[PDB]
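Let me begin by presenting the structure, written as structure tokens, before commenting on it.
In this chain, numbering begins with 1 at the start of the sequence shown.
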Amino acid sequence: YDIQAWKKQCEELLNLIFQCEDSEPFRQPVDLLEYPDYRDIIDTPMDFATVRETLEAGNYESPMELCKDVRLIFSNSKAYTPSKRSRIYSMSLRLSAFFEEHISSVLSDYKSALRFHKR
Ligand SMILES: CNC(=O)c1scc2c1OCCO2
């Protein structure tokens, strides 16, 4: 019932994601010189370095906020791809399945801790 435990658990999960080859296209902001139409399609850019920096600055109040920003990385990939068979889109679908498998317990444990605090 530790209400603060989610933060280290999210740092550890981000470390795993940065070690995965599938994260390489998503580690820094999309290069607008390589993709000059990107901002015509995508309203709010997001990347894993921006997520890690926001966490380490103390600017997430909950793991649900972190999870909304990671899911925006994946929805931006789905919106920008020209094909459901593209290389980079393929990489985002595998990384999303890995992220969702690992974040589920983080969210469950945090919500349980809050309910115990309010009991
Ligand atoms: C050649 N580019 C692509 O097929 C795709 S699919 C998703 C993307 C991306 O390039 C930029 C990053 O996000």
For residues 100-115, run the donor-acceptor check on the side chains, cut-off 3.5 Å, and write out each pair with its distance to 0.1 Å, sequence neighbours left out.
from: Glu100; atom 1: OE1; to: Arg71; atom 2: NH2; distance (Å): 2.9
from: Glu100; atom 1: OE2; to: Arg71; atom 2: NE; distance (Å): 2.9
from: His102; atom 1: ND1; to: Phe98; atom 2: O; distance (Å): 3.0
from: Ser104; atom 1: OG; to: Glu101; atom 2: O; distance (Å): 3.2
from: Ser108; atom 1: OG; to: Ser104; atom 2: O; distance (Å): 3.2

task: Report yes if the side chains of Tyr1 and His117 come closer than 4.5 Å at any heavy-atom pair, otherwise no.
output: no
statement: Applying side-chain hydrogen bond (donor to acceptor under 3.5 Å, both in side chains) to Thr81 and not counting sequence neighbours gives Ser86
task: Return each pair, listed once, that meets salt bridge (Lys or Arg N to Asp or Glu O under 4.0 Å) where at least one residue sits in residues 82-91; pairs must be two or more places apart or across chains.
output: none
- request: Check whether any side-chain heavy atom of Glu21 lies under 4.5 Å from a side-chain heavy atom of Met91, and answer yes or no.
  value: no
message: Membership question, hydrophobic clusters at under 4.5 Å side-chain separation (ILVMFWY): are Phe74 and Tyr89 in the same one?
response: no
message: Between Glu11 and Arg52, is the side-chain contact (heavy atoms from CB on, under 4.5 Å) condition met? List the steps.
response: CA-CA 7 Å; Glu11 292 171 343; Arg52 176 188 262 175; over 6 Å; no
query: Considering residues at least two apart in sequence or located in another chain, which fulfil the side-chain hydrogen bond (donor to acceptor under 3.5 Å, both in side chains) criterion with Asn76?
result: none
- prompt: For the atom pair CG (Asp22) and OG (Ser92), what is the distance rounded to the nearest 0.5 Å?
  reply: 9.0 Å
Scan the side chains in residues 23-40 for donor-acceptor partners under 3.5 Å anywhere in the protein, sequence neighbours excluded, and list what turns up.
from: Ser23; atom 1: OG; to: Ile17; atom 2: O; distance (Å): 2.7
from: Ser23; atom 1: OG; to: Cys20; atom 2: O; distance (Å): 3.0
from: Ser23; atom 1: OG; to: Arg27; atom 2: NE; distance (Å): 2.9
from: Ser23; atom 1: OG; to: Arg27; atom 2: NH2; distance (Å): 3.3
from: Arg27; atom 1: NH2; to: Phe18; atom 2: O; distance (Å): 3.4
from: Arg27; atom 1: NH2; to: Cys20; atom 2: O; distance (Å): 2.9
from: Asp31; atom 1: OD1; to: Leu33; atom 2: N; distance (Å): 2.8
from: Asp31; atom 1: OD1; to: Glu34; atom 2: N; distance (Å): 3.2
from: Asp37; atom 1: OD1; to: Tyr80; atom 2: OH; distance (Å): 2.6
from: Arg39; atom 1: NE; to: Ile42; atom 2: O; distance (Å): 3.2
from: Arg39; atom 1: NH2; to: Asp43; atom 2: O; distance (Å): 3.4

- prompt: Hey, quick one: are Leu95 and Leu93 part of the same hydrophobic cluster, counting side-chain heavy atoms closer than 4.5 Å, chains of contacts allowed?
  reply: no
query: Rounded to the nearest 0.5 Å, how far does CG of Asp2 lie from NZ of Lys7?
result: 12.5 Å
task: Please name all residues satisfying side chain to side chain contact (heavy atoms under 4.5 Å, CB included) with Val51, sequence neighbours left out, ordered by chain then number.
output: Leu14, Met46, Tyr60, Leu66, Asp69, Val70, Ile73
